[PDB]
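Written below as structure tokens is the structure these notes are about.
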Amino acid sequence: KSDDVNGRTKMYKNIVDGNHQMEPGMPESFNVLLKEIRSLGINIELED
Amino acid sequence: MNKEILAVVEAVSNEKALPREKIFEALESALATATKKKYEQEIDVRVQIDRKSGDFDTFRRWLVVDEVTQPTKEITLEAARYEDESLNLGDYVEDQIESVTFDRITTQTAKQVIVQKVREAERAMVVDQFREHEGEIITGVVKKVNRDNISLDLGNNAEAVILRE
Amino acid sequence: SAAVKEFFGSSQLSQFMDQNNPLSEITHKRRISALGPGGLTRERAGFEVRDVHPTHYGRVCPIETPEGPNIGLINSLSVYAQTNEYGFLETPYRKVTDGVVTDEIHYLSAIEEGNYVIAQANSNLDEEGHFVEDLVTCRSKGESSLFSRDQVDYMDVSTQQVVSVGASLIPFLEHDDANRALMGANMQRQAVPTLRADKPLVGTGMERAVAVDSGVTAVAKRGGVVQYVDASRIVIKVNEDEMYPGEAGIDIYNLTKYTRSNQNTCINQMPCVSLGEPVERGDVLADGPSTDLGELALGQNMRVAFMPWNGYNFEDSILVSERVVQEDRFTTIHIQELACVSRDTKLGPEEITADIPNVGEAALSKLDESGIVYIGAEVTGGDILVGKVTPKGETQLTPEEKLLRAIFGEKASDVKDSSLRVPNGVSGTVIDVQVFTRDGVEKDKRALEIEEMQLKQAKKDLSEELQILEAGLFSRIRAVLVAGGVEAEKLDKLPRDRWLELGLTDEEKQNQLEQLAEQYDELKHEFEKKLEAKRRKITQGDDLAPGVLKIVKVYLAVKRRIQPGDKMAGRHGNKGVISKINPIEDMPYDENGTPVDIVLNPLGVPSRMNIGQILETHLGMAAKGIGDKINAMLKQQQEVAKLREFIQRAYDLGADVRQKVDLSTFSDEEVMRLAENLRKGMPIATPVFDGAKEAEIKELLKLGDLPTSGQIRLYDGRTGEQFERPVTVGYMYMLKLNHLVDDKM
Amino acid sequence: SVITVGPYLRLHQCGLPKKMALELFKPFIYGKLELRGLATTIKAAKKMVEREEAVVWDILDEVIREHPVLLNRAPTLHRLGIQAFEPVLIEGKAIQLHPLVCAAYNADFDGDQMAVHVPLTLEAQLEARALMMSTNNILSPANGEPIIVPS
Amino acid sequence: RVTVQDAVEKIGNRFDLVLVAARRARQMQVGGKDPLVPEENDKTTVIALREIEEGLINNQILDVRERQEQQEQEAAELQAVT
Amino acid sequence: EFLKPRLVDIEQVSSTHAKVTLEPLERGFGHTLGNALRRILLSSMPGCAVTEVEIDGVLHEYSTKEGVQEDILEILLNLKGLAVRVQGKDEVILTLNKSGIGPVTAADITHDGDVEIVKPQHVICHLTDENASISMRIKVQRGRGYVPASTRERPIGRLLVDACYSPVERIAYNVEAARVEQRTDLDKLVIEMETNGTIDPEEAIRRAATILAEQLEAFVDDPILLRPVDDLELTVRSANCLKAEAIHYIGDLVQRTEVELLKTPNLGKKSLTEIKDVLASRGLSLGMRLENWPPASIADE
Amino acid sequence: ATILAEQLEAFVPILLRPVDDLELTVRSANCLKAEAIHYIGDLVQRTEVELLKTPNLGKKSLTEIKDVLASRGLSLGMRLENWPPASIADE
Amino acid sequence: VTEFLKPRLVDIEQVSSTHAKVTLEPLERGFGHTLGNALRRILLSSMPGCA
């Protein structure tokens with residue numbers, strides 16, 4: 001409902017077609033947190 | 001004469017084997033119709049179009065009648081007695097002019113009317129093709145199935161209409 | 001200029017005026033803020049500075065302060081509190097010489113108060129100043145105590161001086177607990193002006209100071225006789241014993257009609273004087289917003305009953321009859337300003353004209369031939385007010401896409417709609433359109449229409465200035481030529497501009513006619529040069545933003561009535577969301593027939609200790625009982641003797657009081673007009689700490705034929721059968737606050 | 001929006017205005033309108049609810065019916081300050097809130113405001129009905145004392 | 001529908017109720033399966049909890065029916081091939 | 001054998017309000033009929049209030065007119081309080097013209113042949129100059145209840161006021177004991193109403209009783225084209241008239257125009273009346289056109 | 001309901017307006033008023049040919065008469081009794 | 001102006017033969033209370049019978 005842009009367009013198609021279902025994905029503001037921590041000398045990642 | 005007049009007419013997108021001066025007159029009548037749509041005197045908008053120069057003018061009508069309605073285009077025979085009875089009953093004798101009015105929608109609507117005029121430019125070609133070869137015997141391909149009407153499309157941008165009756 | 005413009009522009013103390021009420025103006029200007037540069041901050045300090053010290057008595061109000069994150073830092077200054085020569089606070093006292101309270105006032109500062117000993121404000125004294133007790137409550141050095149009769153050195157002036165003007169319009173303040181008095185004063189600041197403001201039936205007499213000493217009413221400068229009343233202007237003819245010798249002089253008050261306040265209310269001025277009416281120096285002529293005859297009418301006074309009614313007033317809610325909304329009596333009028341600028345971008349400037357793409361007849365029927373909406377067109381939420389199109393951009397040129405862009409002397413061509421629209425939700429009626437043009441830009445036809453309109457208005461106004469002041473000057477010439485060479489028939493045979501060369505020697509009168517000729521020629525040449533300057537001011541452009549062509553401002557005027565969800569409140573802290581707008585029939589009525597208008601909840605009284613609202617309710621019912629008896633004695637067309645009898649009995653009625661009026665010097669025509677003004681109720685003043693006691697309310701409820709205890713038995717509207725244990729009805733003066741529900745939803 | 005009482009309610013349901021209901025439930029109304037066959041493209045449905053014709057209120061009463069909402073008072077301190085109700089549509093502009101539930105929210109009616117949230121997906125509708133419904137919160141989690149005490 | 005008390009009396013976890021009822025409502029809504037109790041034009045959530053209250057659906061029966069109606073599909077495919 | 005109420009005395013003690021009297025009543029019916037008729041009279045009675053005003057030189061209702069000491073909004077409130085009776089019309093347009101210094105009372109309206117002002121001393125506004133004149137058109141119509149402006153104007157010169165179509169103000173019943181007619185435990189119902197002059201009191205009590213007795217009346221004492229032409233409720237001749245053109249289904253009758261059937265003498269004069277009676281239900285012969293037989297709902301499965 | 005119902009069975013314009021009132025100028029009204037006409041009904045009682053046979057009307061007055069007759073409310077060639085139609089009745 | 005909304009009873013949802021629950025809809029605004037009160041006072045106060 002809030003952040004994930006591909007998630008909410010999938011949600012809007014799924015609501016107007018009657019299928020109550022969410023494809024979760026990732027918050028885009030967490031990627032903003034990764035870019036702000038990564039823009040320092042810090043190397044944050046996502047393992048596996 | 002902003003010389004732009006002679007560069008928008010010759011597109012030539014969907015317009016060729018069709019009457020050029022008649023399309024010019026029809027676009028002129030559409031522009032005068034819009035000019036009469038924003039006017040008050042409920043009369044007839046006559047555009048007068050020149051072929052040699054290209055420039056044109058807008059005349060108003062007076063529409064000789066035996067009645068009083070459409071009162072800015074209402075005339076009669078006793079009023080024609082001041083014209084020494086030269087007017088007859090029924091005519092559309094013009095006795096007034098108008099000048100100009102500018103707006104982006106004025107040209108937009110004109111362009112839209114020109115688009116329809118140019119397209120009329122895409123309908124008159126198929127309005128003579130059927131009678132171009134007497135009573136042919138012309139193969140067609142159903143493109144859209146309308147209500148009690150079968151629309152077909154031929155070569156050289158041609159359109160046909162099949163009556164269900 | 002940068003330093004002084006930055007201070008007056010954006011400081012921590014140069015703040016935007018909370019202007020929706022005359023009270024809110026006159027109590028925002030009197031504010032002693034502790035914040036700002038050089039003082040403390042809200043999120044840091046503290047404990048002691050948020051507490052009332054023992055020497056705020058009579059300088060800074062103890063009960064009017066905003067609750068929340070800054071209590072006691074946004075202190076409000078008291079009523080009588082001046083400011084000393086140096087900058088400290090000082091307050092009046094009365095020098096009690098050894099036996100007698102001398103009536104001289106004497107200003108004490110904050111450190112001179114501590115050494116001396118000050119008697120309390122309401123100490124009983126017998127007509128000379130001798131204190132009738134032999135122990136009197138005083139305060140010596142920040143500490144209250146009980147002292148002897150003649151060791152006192154000062155007495156307070158009046159009993160209203162501990163409080164501010166926000167919380168001295170609360171009747172029966174001494175009966176409310178201080179938290180509820182705080183919330184009552186703050187919400188009385190937060191009121192909204194209704195459509196027809198009525199009056200307070202139970203006031204404190206402090207309404208005229210707050211109304212006249214603010215700037216919303218049109219106070220007369222020189223008294224005299226009214227000559228021409230109009231909804232626009234008021235003309236006073238100045239009396240001759242108040243009048244300058246030169247500059248002949250009849251004053252013109254141009255009232256301020258419907259215009260926008262800062263809080264989107266409707267600051268109106270209505271004329272309240274008749275024609276031919278005398279007015280005195282220092283007197284109201286035009287009522288303002290939330291005023292009435294020079295008083296201060298914030299909300300309206302309505303018939304209230306305290307009973308639980310089927311749960312619809314559960315926590316703090318209020319239940320209102322449809323008789324209130326049918327009378328159009330809370331229907332407040334709001335005004336919104338919608339701006340639209342014509343900026344300057346790439347591909348060219350913008351277009352305000354109405355030749356607009358993507359729209360048809362149904363949008364453009366409410367615009368004129370030049371884009372701007374009409375004055376008077378009642379619009380909905382989401383129509384077009386100003387049509388505006390910017391360079392969409394040729395981009396992809398099609399057959400007809402690149403076609404004629406060449407045929408028209410207007411390169412735009414298709415454009416990108418960016419027209420101003422009414423924001424989604426609000427209705428209104430367009431009352432006023434302003435068009436400002438940066439100089440050099442072509443004025444369109446409607447900007448020339450507004451220019452001709454304002455030229456015509458200013459031309460007519462200055463010509464009427466010359467005509468009206470010339471009429472006063474010729475009336476002066478007629479008043480001078482009554483004596484000394486008078487011509488009774490020869491005066492009006494000749495044209496009126498030559499009233500100087502008539503037969504009269506060298507006296508003060510020919511000198512005065514020469515001085516009036518000087519004044520007249522001054523008015524002629526002044527009218528010439530001022531009309532030229534006013535044509536210059538209308539005709540010129542205005543300096544504006546970097547890269548803007550013209551600014552169109554449109555004033556929508558919404559009329560918001562009342563609905564379930566608005567916030568109403570009395571003057572004691574009894575808040576509430578109005579919860580159900582009942583029909584007329586369901587209301588509890590009494591054994592006369594009249595339905596009650598509002599049903600409050602009784603359970604808010606013993607916990608939230610504001611017992612003053614019940615005394616205000618009983619005294620309001622007493623006031624309306626006197627008003628009903630006047631209406632009964634006047635509707636039967638009775639002669640002025642019985643009206644004089646009853647009005648005199650209703651104005652004496654008490655202990656040793658201050659009023660002491662008599663109607664034997666009103667002369668049989670004012671008494672009928674005073675009863676014409678009293679028939680909707682009789683206004684009653686109740687000062688703050690010297691108010692009307694219980695026995696006086698009982699004796700005034702006995703003058704009307706109301707029950708003594710204040711409680712009428714009330715029937716039910718639904719069942720039609722009686723409520724047991726008779727309930728309290730009366731009139732409470734309730735305010736609509738501007739926390740509406742179609743601004744939060 | 002601003003809250004108000006409405007004491008006719010059962011304690012699993014709250015009043016919710018028609019204007020807020022038509023704004024919060026725009027995609028469900030779009031899906032319902034596209035199912036019936038009244039319109040074709042999505043644009044047509046957005047014009048229909050922009051105009052608010054006579055047929056979308058039946059669509060709205062058929063998307064409300066068994067669909068809980070999360071009412072929330074703005075200083076939420078404990079878990080009883082987010083509770084799920086079923087809407088009952090209100091001619092008005094104020095949330096009608098059942099009175100007993102007020103003692104959980106610390107909500108009087110002196111100008112308070114509450115937020116409504118819509119559980120979109122199906123697991124969230126079931127969590128609003130089976131965990132967060134107002135009938136399910138009748139005991140305070142801090143102790144054993146009932147929180148739907150009559151006030 | 002007001003309370004879900006017996007739907008927890010038959011599935012004691014109160015969190016497995018949400019999984020079983022969500023699985024059931026997803027089978028009834030998009031997959032196009034008939035409800036096993038006659039409805040009253042209720043939404044699929046209340047029909048799921050209404051089937052839970054009858055006892056004819058929990059996670060055991062849902063796994064039994066998914067294994068049998070997956071074996072039926074693969075059996076139909078194998079008998080179509082051979 | 002309940003005693004029935006009959007109106008006995010209508011004491012018109014003042015011009016606005018009266019005291020109707022009902023007698024006799026058995027015990028219990030006093031409060032019942034009292035509360036019932038009070039609630040009907042306050043709820044819904046036909047009044048005659050005002051809807052639209054068009055002052056001549058006024059664009060919007062927030063303006064000011066040169067030469068009248070009240071705003072246009074105050075003139076609208078004073079016209080909203082206008083007490084007027086109409087007699088034989090739905091709506092009516094009253095005309096007002098007044099010029100000169102002084103008040104514009106409610107008796108300055110040019111009255112029509114049926115409109116009757118009931119309080120002619122009602123002030124509207126005050127003209128305050130020698131040549132400054134108002135000239136307005138007022139629109140007065142019937143109604144019921146309270147119809148505000150927000151629910152329900154086409155030019156910019158109309159002004160809409162709210163409409164309080166309600167003639168009564170205060171209805172108070174006072175039950176009391178009844179004397180002879182030679183039986184005690186009987187009651188008298190005395191209803192003091194408060195009209196604004198637009199409604200007769202016996203007419204008010206009669207309309208209230210009619211409304212209440214109307215409320216208790218609730219519990220007091222194409223498939224035609226798919227069907228064959230012979231299946232119609234009419235006689236066999238009406239079907240045979242269409243069937244003579246080899247038609248078996250009424251869909252074939254709907255496929256052909258009525259003008260095409262009238263151009264054939266196989267149908268008769270009485271058959272035309274039967275066809276009109278069949279087409280009165282509008283299920284057949286509505287001038288439609290089909291593909292041949294089948295609509296989309298008529299699909300082959 | 002039967003008891004309560006048995007306890008209630010003892011209860012249950014252009015021609016009429018003056019020529020000067022027309023939107024046109026005073027000369028257009030005075031042209032007709034020169035023949036002692038005060039109401040436009042008198043103008044409708046007489047034919048337009050009868051008015052054209054009198055030089056009291058002018059050339060611009062003929063155009064104003066045509067502009068007035070364009071609304072077809074007056075000068076439509078009608079005949080009245082003297083003044084009054086049936087709707088114009090004396091009460 | 002006289003033609004209101006006139007109701008008819010939509011259902012009689014009854015328990016055993018000496019008990020019932022009778023609804024009425026639609027009634028004009030404010031008439032539910034006057035018909036409920038009229039029928040309630042007539043039934044509860046004055047009916048013919050024997051005991």
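Here, A, B, ... name the chains of the structure tokens in the order displayed, residue numbers run from 1 inside each chain, and ligands are numbered from 1 in the same displayed order.
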
Non-local contacts of region 15-29 of chain G (9 Å; only C-alpha atoms; under 4 positions in same chain excluded) as a count of residues only: 22

So that I can see what lies close to region 27-41 of chain H, please list as a PDB file with C-alpha atoms, in the first residue's frame the residues with an atom at most 7 Å from it, counting only C-alpha atoms and leaving out residues fewer than 4 positions away in the same chain.
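That gives us out-v2.pdb:
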ATOM      1  CA  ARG C 718     -41.234  10.752  20.899  1.00  0.00           C
ATOM      2  CA  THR C 719     -43.404   9.166  23.567  1.00  0.00           C
TER       3      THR C 719
ATOM      4  CA  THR F  32     -52.356   9.321  21.854  1.00  0.00           C
ATOM      5  CA  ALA F  36     -49.941  11.973  17.059  1.00  0.00           C
TER       6      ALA F  36
ATOM      7  CA  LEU H   5     -44.284   7.311   0.783  1.00  0.00           C
ATOM      8  CA  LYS H   6     -46.861   4.684   1.716  1.00  0.00           C
ATOM      9  CA  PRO H   7     -45.508   1.505   3.318  1.00  0.00           C
ATOM     10  CA  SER H  45     -53.659   0.448  27.337  1.00  0.00           C
TER      11      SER H  45
END

For region 29-44 of chain E: contacts at 10 Å, only C-alpha atoms, fewer than 3 positions along chain excluded, given as a ChimeraX atom specification: /A:17-20 /D:62-63,65-67,122 /E:1,21-22,24-26,47-51,54,56-57

Can you check which residues of chain D DSSP gives as strand (DSSP E) on the backbone and send them as a compact mmCIF listing (two decimals) with N, CA, C and O atoms, in the first residue's frame?
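Output below, filename states.txt:
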# COMPACT_ATOMS: atom_id res chain seq x y z
N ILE D 3 -14.59 12.47 14.92
CA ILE D 3 -15.46 11.39 15.38
C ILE D 3 -16.68 11.96 16.08
O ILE D 3 -16.70 13.09 16.55
N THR D 4 -17.71 11.13 16.15
CA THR D 4 -18.96 11.46 16.81
C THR D 4 -19.59 10.15 17.25
O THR D 4 -19.05 9.08 16.98
N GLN D 13 -19.28 -2.73 14.69
CA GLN D 13 -19.44 -1.92 13.50
C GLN D 13 -19.36 -0.45 13.87
O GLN D 13 -19.66 -0.05 14.99
N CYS D 14 -18.92 0.35 12.90
CA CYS D 14 -18.78 1.78 13.10
C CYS D 14 -19.33 2.48 11.88
O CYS D 14 -19.44 1.90 10.81
N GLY D 15 -19.68 3.75 12.06
CA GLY D 15 -20.23 4.52 10.98
C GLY D 15 -19.11 5.16 10.19
O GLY D 15 -18.11 5.59 10.75
N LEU D 16 -19.28 5.20 8.88
CA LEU D 16 -18.22 5.66 8.02
C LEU D 16 -18.91 6.43 6.90
O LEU D 16 -19.90 5.94 6.35
N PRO D 17 -18.47 7.65 6.60
CA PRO D 17 -19.25 8.51 5.71
C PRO D 17 -19.22 8.01 4.28
O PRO D 17 -18.34 7.25 3.89
N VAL D 69 -12.53 -2.42 8.50
CA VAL D 69 -11.61 -1.30 8.41
C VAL D 69 -10.94 -1.13 9.76
O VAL D 69 -11.46 -1.53 10.80
N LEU D 70 -9.74 -0.57 9.74
CA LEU D 70 -8.96 -0.33 10.95
C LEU D 70 -9.14 1.11 11.37
O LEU D 70 -8.59 2.02 10.75
N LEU D 71 -9.91 1.33 12.43
CA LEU D 71 -9.94 2.64 13.04
C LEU D 71 -8.81 2.78 14.04
O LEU D 71 -8.46 1.84 14.75
N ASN D 72 -8.29 4.00 14.12
CA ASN D 72 -7.02 4.28 14.79
C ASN D 72 -7.10 5.69 15.34
O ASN D 72 -7.23 6.63 14.56
N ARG D 73 -6.98 5.85 16.65
CA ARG D 73 -6.86 7.19 17.19
C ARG D 73 -5.39 7.56 17.22
O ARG D 73 -4.53 6.71 17.44
N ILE D 82 -5.92 0.37 17.93
CA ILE D 82 -6.20 0.05 16.54
C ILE D 82 -7.19 -1.09 16.57
O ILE D 82 -6.83 -2.21 16.95
N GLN D 83 -8.43 -0.83 16.18
CA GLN D 83 -9.43 -1.87 16.21
C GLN D 83 -10.18 -1.89 14.89
O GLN D 83 -10.33 -0.86 14.24
N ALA D 84 -10.64 -3.06 14.49
CA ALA D 84 -11.25 -3.24 13.19
C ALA D 84 -12.75 -3.38 13.33
O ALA D 84 -13.24 -4.17 14.13
N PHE D 85 -13.47 -2.62 12.52
CA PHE D 85 -14.92 -2.56 12.56
C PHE D 85 -15.47 -2.98 11.21
O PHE D 85 -14.73 -3.18 10.25
N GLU D 86 -16.78 -3.07 11.12
CA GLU D 86 -17.39 -3.13 9.82
C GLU D 86 -18.07 -1.81 9.55
O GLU D 86 -18.69 -1.26 10.47
N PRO D 87 -17.95 -1.26 8.37
CA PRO D 87 -18.56 0.05 8.12
C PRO D 87 -20.06 -0.05 7.98
O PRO D 87 -20.61 -1.03 7.47
N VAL D 88 -20.73 0.97 8.48
CA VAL D 88 -22.11 1.27 8.18
C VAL D 88 -22.12 2.68 7.63
O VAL D 88 -21.59 3.60 8.28
N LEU D 89 -22.69 2.86 6.45
CA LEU D 89 -22.53 4.11 5.73
C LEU D 89 -23.33 5.24 6.36
O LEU D 89 -24.44 5.04 6.84
N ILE D 90 -22.75 6.43 6.33
CA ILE D 90 -23.28 7.57 7.06
C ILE D 90 -23.53 8.71 6.09
O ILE D 90 -22.61 9.16 5.40
N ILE D 95 -17.00 10.26 11.53
CA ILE D 95 -16.98 8.83 11.85
C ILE D 95 -17.81 8.58 13.10
O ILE D 95 -17.53 9.12 14.16
N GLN D 96 -18.84 7.77 12.97
CA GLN D 96 -19.63 7.41 14.13
C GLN D 96 -19.02 6.20 14.80
O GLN D 96 -18.87 5.15 14.18
N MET D 114 -9.92 10.57 14.04
CA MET D 114 -9.40 9.22 13.85
C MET D 114 -9.12 8.94 12.39
O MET D 114 -9.73 9.54 11.49
N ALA D 115 -8.19 8.02 12.17
CA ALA D 115 -7.80 7.57 10.85
C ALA D 115 -8.39 6.20 10.58
O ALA D 115 -8.46 5.35 11.47
N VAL D 116 -8.83 6.01 9.35
CA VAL D 116 -9.33 4.73 8.87
C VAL D 116 -8.32 4.17 7.89
O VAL D 116 -7.75 4.90 7.08
N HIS D 117 -8.07 2.87 7.99
CA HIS D 117 -7.19 2.18 7.06
C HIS D 117 -7.94 0.99 6.52
O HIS D 117 -8.75 0.39 7.21

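The smallest atom-to-atom distance between residue 5 (chain E) and any of E:18, E:70, E:27, E:53, using only C-alpha atoms, is found for E:53.
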
Straight-line distance linking CA of residue 57 (chain F) with CA of residue 72 (chain F), stated in Å to one decimal: 10.6 Å

For residue 333 (chain C), find every residue with an atom within 12 Å (counting only C-alpha atoms), except residues of its own chain fewer than 5 positions away, and show them as a short mmCIF file (atom, residue, chain, number, x, y, z; two decimals) with N, CA, C and O atoms, in the first residue's frame.
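Contents of around-v2.cif, as written:
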data_model
loop_
_atom_site.label_atom_id
_atom_site.label_comp_id
_atom_site.auth_asym_id
_atom_site.auth_seq_id
_atom_site.Cartn_x
_atom_site.Cartn_y
_atom_site.Cartn_z
N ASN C 20 -9.94 36.38 13.26
CA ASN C 20 -11.24 35.88 12.83
C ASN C 20 -12.34 36.38 13.75
O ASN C 20 -13.44 35.83 13.72
N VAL C 192 -15.94 31.92 15.50
CA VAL C 192 -16.08 32.28 14.09
C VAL C 192 -17.29 33.22 14.01
O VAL C 192 -18.19 33.11 14.84
N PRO C 193 -17.31 34.20 13.11
CA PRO C 193 -18.47 35.09 13.03
C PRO C 193 -19.60 34.44 12.25
O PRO C 193 -19.40 33.97 11.14
N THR C 194 -20.79 34.46 12.83
CA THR C 194 -21.95 33.87 12.18
C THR C 194 -22.53 34.86 11.17
O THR C 194 -21.93 35.88 10.84
N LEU C 195 -23.71 34.54 10.66
CA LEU C 195 -24.32 35.35 9.61
C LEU C 195 -24.96 36.60 10.19
O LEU C 195 -24.76 37.71 9.68
N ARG C 196 -25.75 36.43 11.24
CA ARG C 196 -26.41 37.52 11.95
C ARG C 196 -26.09 37.35 13.43
O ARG C 196 -26.76 36.57 14.11
N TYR C 258 -17.70 43.08 1.81
CA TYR C 258 -17.28 41.68 1.90
C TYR C 258 -15.89 41.42 1.36
O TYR C 258 -15.66 41.46 0.15
N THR C 259 -14.96 41.15 2.27
CA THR C 259 -13.58 40.95 1.89
C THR C 259 -12.98 39.89 2.79
O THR C 259 -13.55 39.53 3.82
N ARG C 260 -11.83 39.40 2.38
CA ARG C 260 -11.23 38.23 2.98
C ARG C 260 -10.45 38.62 4.22
O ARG C 260 -9.70 39.60 4.21
N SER C 261 -10.64 37.86 5.30
CA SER C 261 -9.81 38.02 6.49
C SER C 261 -8.62 37.07 6.37
O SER C 261 -8.38 36.48 5.32
N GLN C 263 -8.17 34.31 8.33
CA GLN C 263 -8.61 32.96 8.64
C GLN C 263 -9.76 32.52 7.75
O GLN C 263 -10.54 31.65 8.15
N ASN C 264 -9.90 33.14 6.58
CA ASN C 264 -10.95 32.87 5.60
C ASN C 264 -12.35 33.06 6.17
O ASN C 264 -13.27 32.33 5.82
N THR C 265 -12.52 34.03 7.06
CA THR C 265 -13.85 34.45 7.46
C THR C 265 -14.28 35.63 6.59
O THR C 265 -13.64 35.93 5.58
N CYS C 266 -15.36 36.30 6.96
CA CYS C 266 -15.95 37.34 6.12
C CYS C 266 -16.08 38.62 6.93
O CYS C 266 -17.10 38.84 7.58
N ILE C 267 -15.06 39.48 6.86
CA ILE C 267 -15.03 40.70 7.66
C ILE C 267 -15.93 41.73 6.97
O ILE C 267 -15.55 42.39 6.01
N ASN C 268 -17.15 41.83 7.48
CA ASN C 268 -18.19 42.71 6.97
C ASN C 268 -18.35 43.89 7.91
O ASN C 268 -17.99 43.82 9.09
N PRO C 289 -17.72 42.72 12.19
CA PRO C 289 -17.97 41.28 12.32
C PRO C 289 -18.12 40.93 13.79
O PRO C 289 -17.34 41.39 14.63
N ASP C 328 -31.23 29.64 9.97
CA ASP C 328 -29.99 30.12 9.34
C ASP C 328 -29.17 30.94 10.32
O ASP C 328 -28.77 32.07 10.02
N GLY C 428 -19.30 27.49 -4.23
CA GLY C 428 -19.12 28.90 -3.95
C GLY C 428 -19.77 29.77 -5.00
O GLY C 428 -20.45 29.30 -5.90
N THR C 429 -19.55 31.07 -4.83
CA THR C 429 -20.04 32.08 -5.76
C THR C 429 -18.92 33.10 -5.93
O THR C 429 -18.50 33.70 -4.94
N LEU C 556 -13.76 33.00 -4.20
CA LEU C 556 -14.95 32.21 -3.96
C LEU C 556 -15.52 32.52 -2.58
O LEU C 556 -14.77 32.80 -1.65
N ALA C 557 -16.84 32.47 -2.46
CA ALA C 557 -17.52 32.82 -1.22
C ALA C 557 -18.44 31.67 -0.82
O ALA C 557 -19.63 31.67 -1.14
N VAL C 558 -17.90 30.71 -0.09
CA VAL C 558 -18.68 29.56 0.34
C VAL C 558 -19.55 29.97 1.51
O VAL C 558 -19.21 30.89 2.27
N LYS C 559 -20.70 29.33 1.66
CA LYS C 559 -21.58 29.55 2.80
C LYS C 559 -21.75 28.23 3.54
O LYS C 559 -22.56 27.39 3.13
N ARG C 560 -21.01 28.03 4.63
CA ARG C 560 -21.02 26.76 5.35
C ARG C 560 -22.01 26.82 6.50
O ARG C 560 -21.90 27.69 7.38
N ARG C 561 -22.99 25.90 6.51
CA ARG C 561 -24.09 26.08 7.45
C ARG C 561 -23.83 25.50 8.83
O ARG C 561 -23.28 26.19 9.70
N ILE C 562 -24.12 24.21 9.00
CA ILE C 562 -23.87 23.41 10.20
C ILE C 562 -24.22 21.98 9.81
O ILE C 562 -25.03 21.76 8.90
N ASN C 738 -14.25 27.37 14.60
CA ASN C 738 -13.90 27.04 13.22
C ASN C 738 -12.98 25.83 13.13
O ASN C 738 -11.97 25.83 12.43
N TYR F 62 -24.00 38.45 -2.69
CA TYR F 62 -23.06 39.09 -1.79
C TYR F 62 -22.75 40.53 -2.18
O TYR F 62 -21.87 41.15 -1.58
N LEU F 73 -28.04 40.26 0.94
CA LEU F 73 -28.23 39.08 1.77
C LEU F 73 -29.30 39.32 2.84
O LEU F 73 -30.11 38.42 3.12
#

Filtered DSSP result for region 30-148 of chain D, state helix (DSSP H, G or I), as a ChimeraX atom specification: /D:30-36,42-51,56-64,79-81,99-105,122-130

At most 10 Å to chain B: residues in chain C, only C-alpha atoms, as a count of residues only: 29

Chain B contacts on chain F, only C-alpha atoms, 10 Å, as a ChimeraX atom specification: /F:289-292

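With distances taken over only C-alpha atoms, D:93 is the one residue among D:129, D:93, D:46, D:10 lying closest to chain C.
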
With a cut-off of 8 Å, could you pull out the residues of chain D touching chain E and give me the nearest pair of atoms for each, distance in Å to one decimal, using only C-alpha atoms, ordered by chain and ascending number, as JSON lines?
{"residue": "D:12", "atom": "CA", "partner": "E:2", "partner_atom": "CA", "distance": 6.9}
{"residue": "D:66", "atom": "CA", "partner": "E:43", "partner_atom": "CA", "distance": 6.4}
{"residue": "D:122", "atom": "CA", "partner": "E:22", "partner_atom": "CA", "distance": 6.8}
{"residue": "D:123", "atom": "CA", "partner": "E:22", "partner_atom": "CA", "distance": 6.0}
{"residue": "D:125", "atom": "CA", "partner": "E:45", "partner_atom": "CA", "distance": 7.8}
{"residue": "D:126", "atom": "CA", "partner": "E:18", "partner_atom": "CA", "distance": 6.3}
{"residue": "D:127", "atom": "CA", "partner": "E:18", "partner_atom": "CA", "distance": 6.9}
{"residue": "D:130", "atom": "CA", "partner": "E:4", "partner_atom": "CA", "distance": 6.6}
{"residue": "D:135", "atom": "CA", "partner": "E:3", "partner_atom": "CA", "distance": 6.9}
{"residue": "D:136", "atom": "CA", "partner": "E:3", "partner_atom": "CA", "distance": 7.7}
